[PDB]
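Structure first, commentary second.
Number of protein chains: 2
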Amino acid sequence: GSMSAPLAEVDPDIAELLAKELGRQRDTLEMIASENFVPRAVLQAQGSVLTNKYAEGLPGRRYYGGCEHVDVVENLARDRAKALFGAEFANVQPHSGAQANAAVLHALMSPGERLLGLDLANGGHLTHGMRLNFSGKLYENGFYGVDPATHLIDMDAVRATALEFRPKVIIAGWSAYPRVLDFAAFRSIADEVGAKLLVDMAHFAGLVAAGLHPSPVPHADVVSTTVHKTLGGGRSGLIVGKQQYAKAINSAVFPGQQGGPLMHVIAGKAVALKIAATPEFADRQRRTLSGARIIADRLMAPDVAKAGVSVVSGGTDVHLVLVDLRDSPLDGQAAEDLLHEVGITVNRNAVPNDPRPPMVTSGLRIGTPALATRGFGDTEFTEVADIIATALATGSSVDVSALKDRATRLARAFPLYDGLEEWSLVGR
Amino acid sequence: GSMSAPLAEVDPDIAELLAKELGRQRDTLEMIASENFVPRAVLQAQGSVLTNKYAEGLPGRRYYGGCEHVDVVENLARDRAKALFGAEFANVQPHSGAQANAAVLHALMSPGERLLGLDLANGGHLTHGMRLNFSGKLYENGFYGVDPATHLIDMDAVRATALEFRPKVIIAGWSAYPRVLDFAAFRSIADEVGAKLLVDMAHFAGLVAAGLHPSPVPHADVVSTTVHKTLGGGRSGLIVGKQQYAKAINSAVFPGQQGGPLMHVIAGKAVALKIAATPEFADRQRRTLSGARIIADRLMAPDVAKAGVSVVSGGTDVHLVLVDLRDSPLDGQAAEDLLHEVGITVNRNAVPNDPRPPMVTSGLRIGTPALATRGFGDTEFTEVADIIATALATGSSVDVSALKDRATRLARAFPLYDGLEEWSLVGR
Ligand SMILES: Cc1ncc(COP(=O)(O)O)c(CNCC(=O)O)c1O
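Laid out in structure tokens, this is it:
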């Protein structure tokens, strides 16, 4: 019956929506900095029958019979994570970046203890202390920020905050920050005040894997990440860290926070970690970084600067560009909408001391990983940069038709998932 | 290169383990009561490009652009969940059953407040108050159990416990209880002490959908569930409940507990909920219940009883049989391994006042949903029951090859995922 019928017959509405979403991914230039495109092999793993297996516990130490093969899968993911990042242990079960962070904080601190993280308006993530998230609900929160003049994190200010606040755990990490964190300084501060150091490398983990961003693994007690940003894998989380925290972290993931792990997704993590060690992946990360720098450079040209648009920190060393619109007629929402009309997906971004409401903002976050994965190199990012610069410098009266044509030409020149409609679930 | 190459080329190790796990599911008789076999259409949804979309928020209330198609997907899953279960609201984003429960308790109580659930050694889940789980670490836990003579939950005893303990939230639900809960009595008790009532229907959600188990939705404030047990869907969680809790529950899922939802998995939830309304699904649930009763009856025969093996509560009204091995030379691990050798996959399971260590147990949990999905009916479950009975009554001196041949004949007669090696990711 329906056990073997194709999706198109069982649920035509959902089949049609899958096709529409594939078409949307193909037709747009995706520049949300946290998004990417998974490889075919990760699609296959996530669509595998490993979803049927209950496998609570650890490899070879399960609460269920029949785990012999998913145990090898999980050990491959763990071993590849440790090897790729140079970490002493890995836990590959977190369902997401948020669940990775929930388990780390569960392992390292108790409710009521003090957590120090980067403020949301200064580029932090909601799991770094936002009051409606578990990180704010369970813990006493302190925050550091960026210098208002340079938009860099001032490590003397972070140190002064840590000395006053005496956190149990310091989080280094970000969702919207354009420069390299000083992990050695974070470790020195953590040691000085007796705090644990968590680095949440979700955004830049793929840059780390390719050797293009300093690694937090030498410095941090524990490192959390999403698998699905620059690392380029399926939507899920991952923890690595120093051996002395392995037992606490494993127990915090299960039974502390989760039940059964998603073994099909863990199989895809193993695939993504293997891909992340290849020269092809390293070149993709190189094109990600070069493309972001090309966009930042274009947006610092005099024509854009004279229009009241500026680049936060005067450049970038990562996979994104942060745009400051405080002196522009465009607010973040208006600029996001304008770029959507051209076919480019970005998101608005709060700037520190933002004069506009938090859902409007005076900033943009523009990311390059997804287009680099799609195949864009320096020539294509030069074109993308000029499209964005023309829109932002001119404003809402810009010739959108011409920019849309240019964006469509790029999308057509670099087909996405070409052949997916013929790929099989398993085999070749 | 690697973006479009098949898994078999990118990662032969993982490709081979996918084949081995599929072979294992085909070759064994999978009788873990919390497992099932997802349909082809759910494999396709979970292997879809919807993994690439960040969609924090709710349909029509997203933080990022481009969600016009995943919004319809999520609305279909929500509307089908509400219609199938007769519920006033649904949140379809929980990553797992554990994450569904974490969000419910986040919404309904504060750290330090009192939680009353079924004791783990009496059939309850670790998210109902176990010391190392968030439900035990964040909250003050009380427990009710089963009557020692009948192994039934005594609602007079539950009421006495609630009157003395004064819980903020009462959980009704179980992972290893073989009888039907009295939801009217739980509601009466919750009202008497001013508690919220959460029903965790993870195990019996599919029985409820088919009309073969009383629904908790009329009585409960909120109902949590896994999608992947008797409901037969992809590995994930779901919450439904009364409309006055919709805002608190939605906020507790995001940004309370989670970040971005797994939209590919939510697409599969929509598919599974549609299948769960079909006559084919109801017949599968009917065969699940009849098969479990056949096994329970066979294991209460004198030859099994003489071997020190008994059936908890003297039968079953649900999809599982709980076997008590306290008077048997077999412990739970030994029986799990012996059944594995004859081709039947189960899990050991704790029993009240267990004389054996907790990782070993004095019990077995045997479930029929996966084999019912595979197509087994009363004739096949009669043979399964006799195989299990012979192994448990004879122990280590049983003719393993003779029993393994009988299990293999059943597996060969009911091919599993026949044709999967030819199915496509999308389309046919
Ligand atoms: C009753 C009940 N509630 C929650 C869970 C946890 O779901 P998961 O998706 O594993 O996080 C379970 C799972 N119990 C596993 C089992 O019974 O084998 C559950 O039973």
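Chains as they are written, first to last, in this note's numbering: chain A, 9 to 436; chain B, 9 to 436.
The C-beta atom is built at its ideal place from N, Cα and C for all residues, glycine as well.
Residue interval of the beta strand (DSSP E) (run including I374/A): By one-based count along the first sequence, residue 374/A stands at place 366. Where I374/A is concerned, the enclosing beta strand (DSSP E) stretches over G371 to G375.
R334/A vs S298/A beta-carbon contact at 7 Å: Your numbering for residue 334/A matches position 326 in the first sequence. Your numbering for residue 298/A matches position 290 in the first sequence. No, these two residues do not count as a Cβ contact at 7 Å.
Expected contact under 8 Å - CB spacing of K255/A and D229/A to nearest Å: In the first sequence, the residue the question calls residue 255/A occupies position 247. In the first sequence, the residue the question calls residue 229/A occupies position 221. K255/A to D229/A, Cβ: 13 Å. No contact.
Helix, strand or coil at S318/B according to DSSP, with G and I counted as helix: Taking the first residue of the second sequence as 1, we reach residue 318/B at position 310. Strand, per DSSP.
Near ligand 1: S223/B beta-carbon under 6 Å from a heavy atom: On the second sequence, position 215 is the one that residue 223/B refers to. For ligand 1, not one heavy atom lies less than 6 Å from the Cβ of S223/B.
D127/B: CB within 6 Å of a non-hydrogen atom of ligand 1: As a working mapping, residue 127/B is identified with position 119 in the second sequence. False, no ligand heavy atom lies under 6 Å from that Cβ.
Every unbroken alpha helix (DSSP H) within the segment 198-261 of chain A, with a cutoff of 4 residues, ordered by chain: 213-217 and 254-259
Classification of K314/B by the beta-carbon crowding that lies within 10 angstroms, buried from 16 upward: Taking the second sequence and counting its residues from 1, one reaches residue 314/B at position 306. Exposed is the call here.
Heavy atom of ligand 1 within 6 Å of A210/B beta-carbon: Against the second sequence, residue 210/B aligns to sequence position 202. Yes, ligand 1 has a heavy atom inside 6 Å of this Cβ.
Distance cut-off 6 Å: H77/B Cβ against heavy atoms of ligand 1: The residue you call residue 77/B lines up with position 69 of the second sequence. The answer is no for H77/B.
Top-ranked residue by Cα proximity to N83/A, from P47/A, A49/A, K277/A and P186/A: For the purposes of this step, residue 83/A is taken as residue 75 along the first sequence, with counting starting at 1. It is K277/A whose Cα lies nearest to the Cα of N83/A.
Beta strand (DSSP E) segment containing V331/B, residue limits: The residue you call residue 331/B lines up with position 323 of the second sequence. Segment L328 to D332, the beta strand (DSSP E) holding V331/B.
Contact belief for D325/A with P226/A at Cβ below 8 Å, rounded distance in angstroms: Looking up residue 325/A in the first sequence gives position 317. Looking up residue 226/A in the first sequence gives position 218. Incorrect: roughly 19 Å between the Cβ atoms, too far for contact.
Inter-stretch contact (C-beta, 8 Å, three-pair minimum) for the segment 413-430 of chain B and the segment 376-393 of chain B: With a cut-off of 8 Å on Cβ pairs, the segment 413-430 of chain B is in contact with the segment 376-393 of chain B, counting three or more such pairs.
Collapsed DSSP secondary structure at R356/A in the structure displayed: Position 348 of the first sequence, counted from the start, is the residue given in the question as residue 356/A. In the three-state DSSP reduction, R356/A falls in the strand class (E or B).
Opening and closing residue of the beta strand (DSSP E) in which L123/A lies: If you number the first sequence from 1, residue 123/A lands on position 115. Its beta strand (DSSP E) spans residues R122 to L126.
Buried or exposed by the 16-neighbour rule on C-beta atoms within 10 Å, applied to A192/A: The residue given as residue 192/A occupies position 184 in the first sequence. The residue is exposed, with fewer than 16 neighbouring Cβ atoms inside 10 Å.
Per-residue contacts from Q341/A into chain B (C-beta, under 9 Å): As a first step, residue 341/A is located in the first sequence; it is residue number 333 there, counting from the start. By Cβ distance, chain B contributes nothing, its closest Cβ being about 10 Å from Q341/A, past 9 Å.
Bridge partner(s) assigned by DSSP for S432/B: Stepping through the second sequence from its first residue, residue 432/B is reached at position 424. According to DSSP, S432/B bridges with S432/A.
Whether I274/B touches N99/B by CB criterion (7 Å): Stepping through the second sequence from its first residue, residue 274/B is reached at position 266. Stepping through the second sequence from its first residue, residue 99/B is reached at position 91. Result no, Cβ atoms of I274/B and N99/B do not sit closer than 7 Å.
Short CB-CB distance (under 7 Å) between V216/A and chain B: As a position in the first sequence, residue 216/A is number 208, starting the count at 1. With 7 Å as the cut-off, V216/A does not count as an interface residue toward chain B.
Interface partners of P14/B on chain C, CB under 9 Å: No chain C is part of this structure, whose protein chains are labelled A and B.
Closest residue to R373/B among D332/B, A393/B, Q107/B and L25/B (Cα-Cα distance): Here residue 373/B corresponds to residue number 365 of the second sequence, with the count starting at 1. The residue among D332/B, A393/B, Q107/B and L25/B with its C-alpha nearest the C-alpha of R373/B is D332/B.
From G132/B, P360/B, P47/B and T135/B, residue whose alpha carbon lies closest to that of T158/B: Here residue 158/B refers to the residue found at position 150 when the second sequence is read from its first residue. Measuring from the Cα of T158/B, the nearest candidate turns out to be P360/B.
Option in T398/B, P377/B and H136/B with minimal Cα separation from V317/B: Taking the first residue of the second sequence as 1, we reach residue 317/B at position 309. The candidate whose alpha carbon is nearest that of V317/B is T398/B.
Where the beta strand (DSSP E) containing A98/B begins and where it ends: Within the second sequence, the letter at position 90 stands for residue 98/B. First-last of the beta strand (DSSP E) with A98/B: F97 to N99.
Proximal chain A residues relative to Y253/B, where beta-carbon distance stays under 8 Å: On the second sequence, position 245 is the one that residue 253/B refers to. Correct list: empty, because the minimum Cβ distance to chain A is about 16 Å.
Identified DSSP bridge partners for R70/B: Counting from one through the second sequence, the residue named residue 70/B turns up at place 62. Looking at the DSSP assignment, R70/B forms a beta bridge with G65/B.
Cβ of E29/B within 7 Å of any chain A Cβ: Against the second sequence, residue 29/B aligns to sequence position 21. Yes, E29/B counts as interfacial toward chain A.
Three-state secondary structure assigned by DSSP to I40/B: The residue labelled residue 40/B in the question sits at position 32 within the second sequence. The answer is coil: DSSP assigns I40/B none of H, G, I, E or B.
When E388/B, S321/B, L134/B and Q341/B are compared against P156/B, the one with the closest alpha-carbon: By 1-based counting over the second sequence, the position of residue 156/B is 148. Considering only alpha carbons, the answer is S321/B.
Cβ separation of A108/B and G245/B, assumed to be a contact under 8 Å, to the nearest whole Å: What you label residue 108/B is simply residue 100 of the second sequence in a count that begins at 1. What you label residue 245/B is simply residue 237 of the second sequence in a count that begins at 1. That belief holds up - the Cβ atoms of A108/B and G245/B are roughly 3 Å apart, short of 8 Å.
7 Å Cβ cut-off: residues of chain A touching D21/B: The count along the second sequence starts at 1 and reaches residue 21/B at position 13. Here the neighbours are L84.
For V177/A, three-class secondary structure by DSSP: Taking the first sequence and counting its residues from 1, the one referred to as residue 177/A is at position 169. It is a strand residue.
When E200/B, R436/B and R295/B are compared against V166/B, the one with the closest alpha-carbon: Numbered from 1 along the second sequence, position 158 holds the residue referred to as residue 166/B. Ranking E200/B, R436/B and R295/B by Cα distance to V166/B puts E200/B first.
Where the alpha helix (DSSP H) through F389/A begins and ends: In the first sequence, residue 389/A corresponds to position 381, counting from 1. It spans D386 to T402 - the alpha helix (DSSP H) in which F389/A sits, taken as one unbroken run.
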